[PDB]
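Written below as structure tokens is the structure these notes are about.
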Amino acid sequence: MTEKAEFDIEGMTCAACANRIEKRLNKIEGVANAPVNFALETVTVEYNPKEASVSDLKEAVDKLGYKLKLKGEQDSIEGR
Ligand SMILES: [Cu+]
């Protein structure tokens, strides 16, 4: 089952910022994966909406400093 969720990240000026998110994300219970993509400025989070939630991990990202918001939820990304 699981779900894919796609989010736009603002402030992660270094790859270490991004990696720190991945670290936090991994620390959330019932996450599958969540590699942060340093080009499109987006992360594709994969998890189950049972033990974790988009809103929860949002706060977990905000906890690190940089901002996060919705982007999509079907391996799509979108942009110009
Ligand atoms: Cu950084």
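Just so we're on the same page: first chain in the structure tokens is A, next is B, and so on; residues restart at 1 for each chain, and ligands are numbered from 1 in the order they show up.
For ligand 1, the neighbouring protein, DNA and RNA residues, which are those within 8 Å when only C-alpha atoms and all ligand atoms are counted, are residues 11, 12, 13, 14, 15, 16, 17 and 18 of chain A.
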Those selected residues, please, written with N, CA and C atoms and delivered as a compact mmCIF listing (two decimals), in the first residue's frame.
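What follows is the written file selection-v4.txt:
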# COMPACT_ATOMS: atom_id res chain seq x y z
N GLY A 11 15.04 26.63 1.77
CA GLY A 11 16.06 27.05 2.73
C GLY A 11 17.29 26.13 2.79
N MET A 12 17.17 24.89 2.31
CA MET A 12 18.23 23.90 2.36
C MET A 12 19.35 24.21 1.35
N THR A 13 20.18 25.20 1.65
CA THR A 13 21.17 25.72 0.73
C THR A 13 22.34 24.76 0.57
N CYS A 14 22.53 23.81 1.51
CA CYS A 14 23.58 22.81 1.41
C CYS A 14 23.01 21.39 1.37
N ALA A 15 23.74 20.46 0.75
CA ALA A 15 23.28 19.07 0.68
C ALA A 15 23.11 18.49 2.08
N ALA A 16 23.90 18.96 3.04
CA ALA A 16 23.82 18.50 4.41
C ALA A 16 22.47 18.86 5.04
N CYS A 17 21.90 20.02 4.69
CA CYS A 17 20.56 20.41 5.11
C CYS A 17 19.57 19.33 4.70
N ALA A 18 19.53 19.06 3.39
CA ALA A 18 18.70 18.02 2.79
C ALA A 18 18.89 16.69 3.53
List the spatial neighbours of residue A:20 as a PDB file with N, CA and C atoms, in the first residue's frame - criterion: any atom at most 12 Å away, only C-alpha atoms, same-chain residues fewer than 6 positions off excluded.
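Saved result, around34.pdb, follows:
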ATOM      1  N   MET A  12      17.171  24.892   2.313  1.00  0.00           N
ATOM      2  CA  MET A  12      18.233  23.899   2.362  1.00  0.00           C
ATOM      3  C   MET A  12      19.353  24.206   1.355  1.00  0.00           C
ATOM      4  N   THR A  13      20.177  25.204   1.649  1.00  0.00           N
ATOM      5  CA  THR A  13      21.171  25.719   0.729  1.00  0.00           C
ATOM      6  C   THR A  13      22.340  24.756   0.574  1.00  0.00           C
ATOM      7  N   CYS A  14      22.531  23.814   1.513  1.00  0.00           N
ATOM      8  CA  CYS A  14      23.578  22.815   1.408  1.00  0.00           C
ATOM      9  C   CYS A  14      23.013  21.394   1.368  1.00  0.00           C
ATOM     10  N   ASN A  26      13.567   9.582   8.345  1.00  0.00           N
ATOM     11  CA  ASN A  26      13.876   8.211   8.738  1.00  0.00           C
ATOM     12  C   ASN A  26      13.490   7.944  10.192  1.00  0.00           C
ATOM     13  N   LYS A  27      13.686   8.937  11.061  1.00  0.00           N
ATOM     14  CA  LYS A  27      13.360   8.835  12.475  1.00  0.00           C
ATOM     15  C   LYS A  27      11.845   8.804  12.739  1.00  0.00           C
ATOM     16  N   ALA A  34      12.291   8.826   1.705  1.00  0.00           N
ATOM     17  CA  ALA A  34      12.120  10.264   1.541  1.00  0.00           C
ATOM     18  C   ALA A  34      13.416  10.978   1.121  1.00  0.00           C
ATOM     19  N   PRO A  35      14.006  10.652  -0.038  1.00  0.00           N
ATOM     20  CA  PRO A  35      15.225  11.299  -0.497  1.00  0.00           C
ATOM     21  C   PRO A  35      14.925  12.717  -1.009  1.00  0.00           C
ATOM     22  N   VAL A  36      15.650  13.726  -0.515  1.00  0.00           N
ATOM     23  CA  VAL A  36      15.465  15.121  -0.890  1.00  0.00           C
ATOM     24  C   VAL A  36      16.248  15.409  -2.178  1.00  0.00           C
ATOM     25  N   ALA A  60       8.295  18.220  11.661  1.00  0.00           N
ATOM     26  CA  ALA A  60       9.619  17.640  11.845  1.00  0.00           C
ATOM     27  C   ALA A  60      10.650  18.319  10.940  1.00  0.00           C
ATOM     28  N   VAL A  61      10.268  18.638   9.700  1.00  0.00           N
ATOM     29  CA  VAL A  61      11.110  19.407   8.797  1.00  0.00           C
ATOM     30  C   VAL A  61      11.265  20.826   9.336  1.00  0.00           C
ATOM     31  N   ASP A  62      10.152  21.485   9.669  1.00  0.00           N
ATOM     32  CA  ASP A  62      10.182  22.841  10.203  1.00  0.00           C
ATOM     33  C   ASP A  62      11.108  22.908  11.428  1.00  0.00           C
ATOM     34  N   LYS A  63      11.078  21.870  12.280  1.00  0.00           N
ATOM     35  CA  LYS A  63      11.956  21.719  13.437  1.00  0.00           C
ATOM     36  C   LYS A  63      13.442  21.904  13.086  1.00  0.00           C
ATOM     37  N   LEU A  64      13.859  21.534  11.871  1.00  0.00           N
ATOM     38  CA  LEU A  64      15.239  21.678  11.425  1.00  0.00           C
ATOM     39  C   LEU A  64      15.539  23.113  10.979  1.00  0.00           C
ATOM     40  N   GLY A  65      14.536  23.863  10.506  1.00  0.00           N
ATOM     41  CA  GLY A  65      14.668  25.286  10.202  1.00  0.00           C
ATOM     42  C   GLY A  65      14.036  25.651   8.861  1.00  0.00           C
ATOM     43  N   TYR A  66      14.450  24.966   7.793  1.00  0.00           N
ATOM     44  CA  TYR A  66      13.928  25.211   6.450  1.00  0.00           C
ATOM     45  C   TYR A  66      12.432  24.891   6.375  1.00  0.00           C
TER      46      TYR A  66
END
Between A:8, A:23, A:75, A:56, single out the one closest to residue A:43, counting only C-alpha atoms. A:8
Taking only chain A into account, list the residues labelled helix (DSSP H, G or I) by DSSP (computed from the backbone), as a PyMOL selection string. chain A and resi 15-27+54-64
When DSSP works through the backbone of this structure, what residues of chain A end up as strand (DSSP E or B), shown as a PyMOL selection string? chain A and resi 3-10+31-33+36-37+42-47+67-72
Atoms to include: N, CA and C atoms. Write the selected residues as a short mmCIF file (atom, residue, chain, number, x, y, z; two decimals), in the first residue's frame.
data_model
loop_
_atom_site.label_atom_id
_atom_site.label_comp_id
_atom_site.auth_asym_id
_atom_site.auth_seq_id
_atom_site.Cartn_x
_atom_site.Cartn_y
_atom_site.Cartn_z
N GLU A 3 1.86 5.38 0.54
CA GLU A 3 1.53 6.47 -0.35
C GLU A 3 2.83 7.21 -0.62
N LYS A 4 2.88 7.85 -1.78
CA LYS A 4 3.90 8.79 -2.18
C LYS A 4 3.31 10.18 -1.94
N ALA A 5 4.13 11.12 -1.49
CA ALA A 5 3.75 12.49 -1.22
C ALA A 5 4.94 13.35 -1.64
N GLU A 6 4.71 14.50 -2.28
CA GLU A 6 5.76 15.24 -2.94
C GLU A 6 5.63 16.62 -2.33
N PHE A 7 6.74 17.18 -1.84
CA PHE A 7 6.78 18.41 -1.08
C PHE A 7 7.91 19.30 -1.58
N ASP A 8 7.74 20.62 -1.47
CA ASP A 8 8.67 21.63 -1.97
C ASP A 8 9.40 22.14 -0.74
N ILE A 9 10.74 22.14 -0.75
CA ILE A 9 11.54 22.55 0.40
C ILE A 9 12.26 23.86 0.12
N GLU A 10 12.17 24.82 1.04
CA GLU A 10 12.81 26.13 0.91
C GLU A 10 13.77 26.36 2.08
N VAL A 31 7.58 5.51 8.11
CA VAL A 31 8.12 6.06 6.88
C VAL A 31 8.67 4.89 6.05
N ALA A 32 8.57 4.98 4.72
CA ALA A 32 9.20 4.03 3.82
C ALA A 32 10.52 4.62 3.33
N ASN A 33 10.51 5.86 2.82
CA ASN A 33 11.69 6.53 2.30
C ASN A 33 11.32 7.98 2.05
N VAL A 36 15.65 13.73 -0.52
CA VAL A 36 15.47 15.12 -0.89
C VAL A 36 16.25 15.41 -2.18
N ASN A 37 15.59 15.97 -3.20
CA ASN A 37 16.17 16.11 -4.53
C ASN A 37 16.69 17.54 -4.75
N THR A 42 12.61 19.80 -4.35
CA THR A 42 11.48 18.99 -3.91
C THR A 42 11.99 17.71 -3.25
N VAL A 43 11.18 17.12 -2.38
CA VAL A 43 11.36 15.78 -1.82
C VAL A 43 10.13 14.95 -2.18
N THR A 44 10.36 13.67 -2.48
CA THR A 44 9.32 12.68 -2.69
C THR A 44 9.32 11.77 -1.46
N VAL A 45 8.45 12.04 -0.49
CA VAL A 45 8.31 11.25 0.72
C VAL A 45 7.40 10.07 0.43
N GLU A 46 7.82 8.88 0.86
CA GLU A 46 7.03 7.66 0.75
C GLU A 46 6.82 7.09 2.15
N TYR A 47 5.56 6.87 2.55
CA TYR A 47 5.22 6.45 3.91
C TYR A 47 3.84 5.78 3.93
N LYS A 67 11.75 25.53 5.42
CA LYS A 67 10.31 25.43 5.24
C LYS A 67 10.01 24.29 4.27
N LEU A 68 8.80 23.74 4.36
CA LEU A 68 8.30 22.69 3.51
C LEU A 68 6.82 22.96 3.28
N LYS A 69 6.30 22.52 2.14
CA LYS A 69 4.93 22.69 1.70
C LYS A 69 4.60 21.55 0.73
N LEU A 70 3.32 21.36 0.42
CA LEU A 70 2.87 20.37 -0.55
C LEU A 70 3.38 20.68 -1.95
N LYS A 71 3.60 19.62 -2.72
CA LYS A 71 3.94 19.65 -4.14
C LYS A 71 3.05 18.73 -4.97
N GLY A 72 2.82 17.49 -4.52
CA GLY A 72 2.06 16.50 -5.26
C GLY A 72 1.99 15.21 -4.46
#
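Atom pair atom CA of residue A:21 / atom CA of residue A:54: separated by 13.6 Å.
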Distance in Å - atom CA of residue A:53 versus atom CA of residue A:24: 13.6 Å
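Put simply, atom CA of residue A:1 is 25.7 Å away from atom CA of residue A:19.
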